[PDB]
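Undergrad: Just the starting chains for now, same placement as in the complex:
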Amino acid sequence: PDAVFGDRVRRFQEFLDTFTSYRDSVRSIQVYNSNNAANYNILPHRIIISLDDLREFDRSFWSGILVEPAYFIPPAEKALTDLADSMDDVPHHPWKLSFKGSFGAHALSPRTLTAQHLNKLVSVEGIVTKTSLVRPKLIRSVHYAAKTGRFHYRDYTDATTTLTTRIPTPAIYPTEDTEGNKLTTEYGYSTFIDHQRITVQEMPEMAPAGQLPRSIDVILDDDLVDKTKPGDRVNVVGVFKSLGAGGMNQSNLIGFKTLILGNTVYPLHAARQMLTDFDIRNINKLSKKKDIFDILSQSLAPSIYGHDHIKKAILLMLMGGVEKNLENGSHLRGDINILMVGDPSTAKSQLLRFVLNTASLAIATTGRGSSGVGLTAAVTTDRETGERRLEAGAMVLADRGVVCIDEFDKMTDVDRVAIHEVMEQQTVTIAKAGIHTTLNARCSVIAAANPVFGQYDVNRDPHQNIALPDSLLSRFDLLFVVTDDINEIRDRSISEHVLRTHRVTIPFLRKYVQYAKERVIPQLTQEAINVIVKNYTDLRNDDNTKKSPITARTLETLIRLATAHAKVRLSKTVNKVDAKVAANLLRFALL
Amino acid sequence: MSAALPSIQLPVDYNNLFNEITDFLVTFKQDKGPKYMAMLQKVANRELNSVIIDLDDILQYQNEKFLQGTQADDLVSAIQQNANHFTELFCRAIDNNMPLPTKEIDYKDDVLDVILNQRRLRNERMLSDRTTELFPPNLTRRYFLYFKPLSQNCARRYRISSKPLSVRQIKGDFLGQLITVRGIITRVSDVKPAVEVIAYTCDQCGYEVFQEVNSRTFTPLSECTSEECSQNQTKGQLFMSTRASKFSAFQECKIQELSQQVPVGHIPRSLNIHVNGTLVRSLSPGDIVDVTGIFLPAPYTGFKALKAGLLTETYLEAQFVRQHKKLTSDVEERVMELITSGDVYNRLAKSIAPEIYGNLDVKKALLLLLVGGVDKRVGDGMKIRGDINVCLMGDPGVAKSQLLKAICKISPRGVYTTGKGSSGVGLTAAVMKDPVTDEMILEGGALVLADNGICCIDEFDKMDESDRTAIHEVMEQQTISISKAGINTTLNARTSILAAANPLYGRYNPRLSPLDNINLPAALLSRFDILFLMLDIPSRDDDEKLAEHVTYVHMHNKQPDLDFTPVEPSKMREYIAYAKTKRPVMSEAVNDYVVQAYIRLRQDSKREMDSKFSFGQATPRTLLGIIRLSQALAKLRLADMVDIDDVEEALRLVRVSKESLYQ
């Protein structure tokens, strides 16, 4: 090997010796690796490094890694593993480096790429799609020669091997190694890596005016594998690999399939998240107030007048409603689903955009829709190596998240029947060709629909006004009709805010709620029951002479509603005080 | 050669461990002599083939090679890493330590072992006048060997290989590893015997040829390799002798994830596994099991230069299986807790669906179809049901779908279904291409699957026509008719039938007359013996008390009280067929009386005449069933005496099925 390789390794001594912060971090890995060794008789070898130090270290070695990482990297690979030996050599292996950056040039999105940006480690970000599923891949092989014994040994290198190009050496597989003895395949002594490959589309948000997005591939190996689900927003960083022939490989047009390899691919929220102390204390401070919730309500409609009762239901839906599953019996549905309805220009779909942002999971829907929505729709045939692979639709892809529906009334009933399976059953069922499974979709959901006919959504009865009979009505825990009714007293209020439109903090909310989600579930208290039992019964005792439908499922929501406010209060226990809130919005549900 | 394919040292060595293997093989203490002695003769006794091994006992003898020295390197830590070297080399010592006779082979017994001695009869006589090839140790085995790993109380000894895992929990480093994962079975394509070594025969020069074959394929030898035909101008002809060559039974299955292990996103992972030996036929599709086995890749064929890199893609092999949820003698007494309790017709009636409140009278009739009977044989012959078809009419849902959830669960041949849901093609044998193994094999279900058992049904109005006609014929019962394709068959459906269906939109209107509210065809309702109208009017007293039960849970997991003790299904079910063996014979006393109330019902139902409450006409089919009802009701009394109250008891349920339309 050239000293150019040995010197670069030698050039990496003082670094990361300075900054030495990674030195013990790997040792922090060493210990935890040793830690698990203590209990059983898990951490990946690869380590994070801020590239920045090269700017205080070698600017030539700096940009070179940005230039020819293929060269500078491999020596940096050794010293890490090399020092890793020296770090702990006592007890008796890629050890990769990520580099958050410290960017960039080399900062580009996938839509705009190369030819110059090729063969260079670069940050690229976007949707994870469609994310080819993982398969296992060997490198090293080993054997036993009987009856003479000993042990055989074999190594492998593919096209995607390491970083740089190397001579291709498909070996078939080692057998009958001289002397000519039978060689039985040996495993677990031999080396393996599960392989993964995924493309990534550039963001439609950052997408240009009139053109379609182009998703580009990246390999996923070892820990890099399965770090993320498909459809995620994430920034990949690594060298761009051009490997493969231009049709010249066989003497006889388009050419050179290409993708980026490694490295970090930091998940990006645009969840996660850091909390700390100062921040959560605001939660801890704000939690004391019972006056906070309306503030929680008012923050929801920066551009929106009122409908705060409609708003209150939204956050209560953010809570999740405290899923409680029967022991060796079926769970009752935990989460709440609603549909906005009313005369045109309601800004109901507008509201979904608000539901669309801080929500963080998940995908919305406008009318049609399908085939299948969250259905995999049987991704087929094969793809790949003859292997049938289903790819979950949005409804599945949205699991443990929000579902917004625009033009829900216009949607085909074909998949509506599935939405019964989607909502009441709250799980996915699949038989097509095919794979046979029932997979959980517990996703929280909401929809929106116009009046069946015209502006008469007021005058005409709400039944026949549903536009989507029947059990569809039973499904949704709340249906709010939006009257387009106008008032000069109203319009006067309507103007200036619409006027101020053209010319308590929101982000703090989702952090307040997200932590409010895992901590802490209020469970149940009979005291809330005591009033509500007389409530819902009385609701069937009166409302049936007023409106409908009225079902115990609506009562089941009461537990959901109060369950949410108990979260809104951050109460460790349910209170009957919350019911008055739920019942009232339920009062508003009727009126 | 040196360099390429370098010989590489490892601290692990089995050279003396193989001796340490035979130290453990045979000789043993904890379980007169060691368990491995007469048990290995037990295989030499040929009453057993499968050899079962566990990691549990290895630890104690490893403790026996430990404490209790002299000290020796651990086998078990070299096992889970490879262990395939242990499926042979540890096992290859068995010919050294196995007893010779060990008893008489007789005749049959079986073939093979009479031939295999003849193969060795021909093999030894080859060298008898010859004065030196011999049948390899792998060539003659006749016994399978299995491993069952330790979880376990040994792991807390303290002592890993047994920790249950998801497919998602499956690392690439676990290749070669004997491992254990919990998962749902899938596929389970049929098992077939697979040969390890072909037996060719030279004819002319004779002898025997054995060529190893691995994985999915092999390259068959030709000509003659026999040395008698070697160097002689004439090479003998040869082709595989199937009687001679050894076979191995090969099954396989996909294993789905439990779905609780799954991430909130992504997808359930099916896992290909291949069943072999005595371990075959140990599983069915969709069963949940903690699977324990070694995991090895099986490349390639190809392709080849396609893959590259190789990217093994591997698979799992099944070492061992642990399944989840695996007279009229002395079980009559298990019937006798409620036998001494009496109230068989009620307490059990109250025993039905303790989870849902009230409507015990509805549950009261539920007990009948859960039993039914008993049919008839006219000798004409035309057999008559024999079976109860019940419908449930009311909306909104009322949680009516839940009644079917309890009923089918308890019921043998329990099948839950819904309008869409299973089609009429789902209730018939329907041709479909079978993935992997081919081809176009028919798979029936539903009605065909639910025959000789209850079928619960929902969305019964949305089953449309294609289903209606089938079940229309399923009311003709005891048949499923397909004239489709080249298939002319009509197959017996003994299915018990119950479907609850929703009234015309939005909900039922009391002003609406009967049969105008119903979405089902009249001829479809006429062959129905019973329908329970589920119309729900709010009752503040009842609303509270039910809400109270809706308060009582979620409050606790245990609902029933103040007071009752619902029978568990297993002990409850045992009385079902036990009662179904009865076949009560009708007393003529109640016999003519049922006729009397019939012409009364043939009178009063017709005197209702036009529209309104209805339904007429009180056809004999209902009386034909109502007679069967007391015949089904008598079964709970057993005794086959058919009491008149037993008869009239059904007549009480007849009017009750209706007349609630006044409410």
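TA: That came in fine, so what should we check first? Numbers count the residues shown, from 1 in each chain, chains lettered A, B, ... in the order given.
Undergrad: Report the central residue of the chain.
TA: Answering for chain A, as no chain was given. Compute the mean C-alpha point of chain A, and by C-alpha atoms, centre = their mean the closest residue is residue A:232, 5.0 Å away.
Undergrad: you looked at the wrong chain, it should be chain B
TA: Note: chain B centre (C-alpha atoms, centre = their mean) maps to residue B:284, 4.8 Å.
Undergrad: what's that one in contact with, if anything?
TA: B:185, B:188 (C-beta atoms under 8 Å, 6 or more residues apart in numbering or on different chains). For the C-beta atoms, the positions are set from N, CA and C on the backbone; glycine is no exception.
Undergrad: Just the strands from the stretch 151-300 of chain B, written as ranges.
TA: B:178-186, B:192-195, B:197-200, B:209-212, B:247-256, B:272-276, B:288-294 (DSSP state E, counting those that start in this stretch).
Undergrad: Now residue 543. Nearest residue, chain neighbours left out?
TA: I went with chain A, as the question did not name one. residue A:550 (5.5 Å; C-beta to C-beta, 6 or more residues apart in numbering or on different chains).
Undergrad: Wait, chain B was what I had in mind.
TA: residue A:537 (3.6 Å).
Undergrad: doesn't that neighbour fall inside a helix?
TA: Yes: Residue A:537: assigned to a helix according to DSSP: H, G, I helix; E, B strand; the rest coil.
Undergrad: Hmm, it is touching residue B:544, no?
TA: Yes: using C-beta atoms under 8 Å, residue A:537 is in contact with residue B:544, at 4.9 Å.
Undergrad: Next up, phi/psi of the closest residue to chain B within the stretch 1-150 of chain A, please.
TA: Across the stretch 1-150 of chain A, the shortest distance to chain B (C-beta to the nearest C-beta) belongs to residue A:137, at 4.1 Å. Per-residue torsions, residue A:137: phi -140, psi 120 (degrees, to the nearest 10).
Undergrad: put DNA strand C onto that model:
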DNA sequence: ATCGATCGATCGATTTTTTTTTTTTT
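TA: Putting DNA strand C onto the chains we already have gives this:
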């Protein structure tokens, strides 16, 4: 010694493939 046929080393060619958006009929 001319001719041959014979075997072998030479040469080079062949290895996957059907499902989700449709559309004229009452």
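Undergrad: just checking, the residue nearest to the centre of chain A touches residue A:130?
TA: No: between residue A:232 and residue A:130 there is no contact, the gap being 11.9 Å when judged by C-beta under 8 Å.
Undergrad: Excluding covalently adjacent residues, which one is nearest to the residue of the stretch 551-663 of chain B found nearest DNA strand C?
TA: The minimum distance from the stretch 551-663 of chain B to DNA strand C, using C-beta to the nearest atom of the strand, falls at residue B:611 (30.6 Å). Closest residue to residue B:611 apart from its sequence neighbours, by C-beta to C-beta, 6+ apart: residue B:513 at 5.2 Å.
Undergrad: all helices for the stretch 251-400 of chain A, in order.
TA: For the stretch 251-400 of chain A, helices defined by DSSP state H, counting those that start in this stretch occupy the ranges A:278-288, A:292-298, A:308-319, A:348-357, A:394-397.
Undergrad: Out of those, flag the one nearest DNA strand C.
TA: The nearest among those, by C-beta to the nearest atom of the strand, is helix A:394-397 at 12.6 Å.
Undergrad: Let me know whether the closest one sits next to DNA strand C.
TA: No: judged by C-beta under 7 Å from any atom of the strand, helix A:394-397 makes no contact with DNA strand C; its nearest approach is 12.6 Å.
Undergrad: was I right about residue A:169 contacting residue A:157?
TA: Yes: using C-beta under 8 Å, residue A:169 is in contact with residue A:157, at 5.5 Å.
Undergrad: So for those two, which residue has more residues nearby?
TA: residue A:157 (15 against 11; other C-beta atoms under 10 Å in any protein chain shown).
Undergrad: burial of residue B:300, as a residue count?
TA: When neighbours are counted by other C-beta under 10 Å, residue B:300 registers 18.
Undergrad: likewise residue A:363?
TA: 18.
Undergrad: let's bring in DNA strand D now:
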DNA sequence: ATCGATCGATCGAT
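TA: Putting DNA strand D onto the chains we already have gives this:
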């Protein structure tokens, strides 16, 4: 990757 045919030479026959 293996199988397939071309084609080259060589050792026997006449």
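Undergrad: Repeat for the contacts of residue B:284, accounting for DNA strand D.
TA: B:185, B:188.
Undergrad: any idea how far residue B:400 is from the closest residue to DNA strand C within the stretch 151-300 of chain B?
TA: Nearest residue of the stretch 151-300 of chain B to DNA strand C, counting by C-beta to the nearest atom of the strand: residue B:233, 9.1 Å away. To residue B:400, residue B:233 is 87 Å away according to C-beta to C-beta, to the nearest Å.
Undergrad: try residue B:495
TA: 20 Å.
Undergrad: try residue A:179
TA: On the measure of C-beta to C-beta, residue A:179 and residue B:400 end up 77 Å apart.
Undergrad: Show me which of these two is the more surrounded one.
TA: residue B:400 (21 against 7).
Undergrad: Next up, the contacts around the residue nearest to residue A:96 when sequence neighbours are not counted.
TA: Closest residue to residue A:96 apart from its sequence neighbours, by C-beta to C-beta, 6+ apart: residue A:46 at 3.3 Å. Residues in contact with residue A:46 (C-beta under 8 Å, 6+ apart) are A:94, A:95, A:96, A:97, A:98, A:222, A:223.
Undergrad: Same check on residue A:573?
TA: Residue A:573 makes contact with A:522, A:523, A:525, A:566, according to C-beta under 8 Å, 6+ apart.
Undergrad: what does residue B:149 give?
TA: By C-beta under 8 Å, 6+ apart, the contact set of residue B:149 is B:54, B:55, B:80, B:161, B:162, B:178, B:180, B:292, B:319, B:320.
Undergrad: got a markdown table for these, with neighbour count and distance to residue A:123 too?
TA: A markdown table is the format used below for these (neighbours: other C-beta atoms under 10 Å in any protein chain shown; distance: C-beta to C-beta, whole Å):
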| residue | neighbour count | distance to residue A:123 |
| --- | --- | --- |
| B:54 | 16 | 52 |
| B:55 | 26 | 48 |
| B:80 | 21 | 40 |
| B:161 | 22 | 42 |
| B:162 | 20 | 43 |
| B:178 | 28 | 42 |
| B:180 | 23 | 41 |
| B:292 | 24 | 44 |
| B:319 | 23 | 46 |
| B:320 | 19 | 48 |
